[PDB]
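Atom set for the values below is all heavy atoms of this structure, side chains included, hydrogens, waters and symmetry mates excluded. The chains referred to below are lettered A, B, ... by the order of the sequence lines, with proteins before strands, and numbering in each begins at 1.
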2 protein chains.
Amino acid sequence: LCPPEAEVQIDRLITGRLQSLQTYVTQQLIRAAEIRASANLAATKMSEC
Amino acid sequence: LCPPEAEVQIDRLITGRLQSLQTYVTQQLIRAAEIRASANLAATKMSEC
């Protein structure tokens, strides 16, 4: 395809790929929180046990 | 621009601005959770220390 009609097809790929990446990052932040809580518990057990 | 062709340009701005705002709010909810956990720990230390 040529430049006016490429910028339509490309924008569709950018939108989808950007959405996919945002989904990934959000999920990682939520999972990170769970791991942090586990690490905090492990650190407490290290101190107290 | 005139009304049929403004509703195309505007919709693009609405989509982007709405996405930006949703991103902000999601990040605030995740950060809020971290602060809450810290506050819960501080409250525990207040009681026990």
Side-chain angles (χ1 to χ4, degrees):
Chain A
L1 276 182
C2 268
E5 229 319 307
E7 286 168 339
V8 173
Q9 297 300 313
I10 294 168
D11 197 70
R12 289 179 182 176
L13 290 174
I14 291 169
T15 298
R17 289 177 178 186
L18 181 60
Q19 183 182 17
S20 294
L21 187 58
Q22 289 178 340
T23 298
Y24 175 79
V25 172
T26 299
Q27 294 291 307
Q28 290 294 104
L29 289 167
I30 293 167
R31 288 178 184 174
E34 184 176 359
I35 295 297
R36 185 176 62 245
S38 182
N40 286 340
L41 181 60
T44 300
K45 288 177 182 289
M46 192 68 80
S47 294
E48 298 183 25
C49 300
Chain B
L1 276 183
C2 268
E5 229 319 307
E7 286 168 339
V8 173
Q9 297 300 313
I10 294 168
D11 197 70
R12 289 179 182 176
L13 290 174
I14 291 169
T15 298
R17 289 177 178 186
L18 181 60
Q19 183 182 17
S20 294
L21 187 58
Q22 289 178 339
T23 298
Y24 175 79
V25 172
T26 299
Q27 294 291 307
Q28 290 294 104
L29 289 167
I30 293 167
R31 288 178 184 174
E34 184 176 359
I35 295 297
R36 185 176 62 245
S38 182
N40 286 340
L41 181 60
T44 300
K45 288 177 182 289
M46 192 68 80
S47 294
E48 298 183 25
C49 300

CG of B/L29 to CG of A/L29, rounded to nearest 0.5 Å, is 12.0 Å
Table please: side-chain donor-acceptor pairs of residues 5-22 of chain A below 3.5 Å, with sequence neighbours left out.
unit_1: A/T15; atom_1: OG1; unit_2: A/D11; atom_2: O; d: 3.0
unit_1: A/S20; atom_1: OG; unit_2: A/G16; atom_2: O; d: 2.9
unit_1: A/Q22; atom_1: OE1; unit_2: B/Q19; atom_2: NE2; d: 2.9

Can you list the residues that meet the side-chain contact (heavy atoms from CB on, under 4.5 Å) rule with B/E48, with sequence neighbours excluded?
-> B/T44
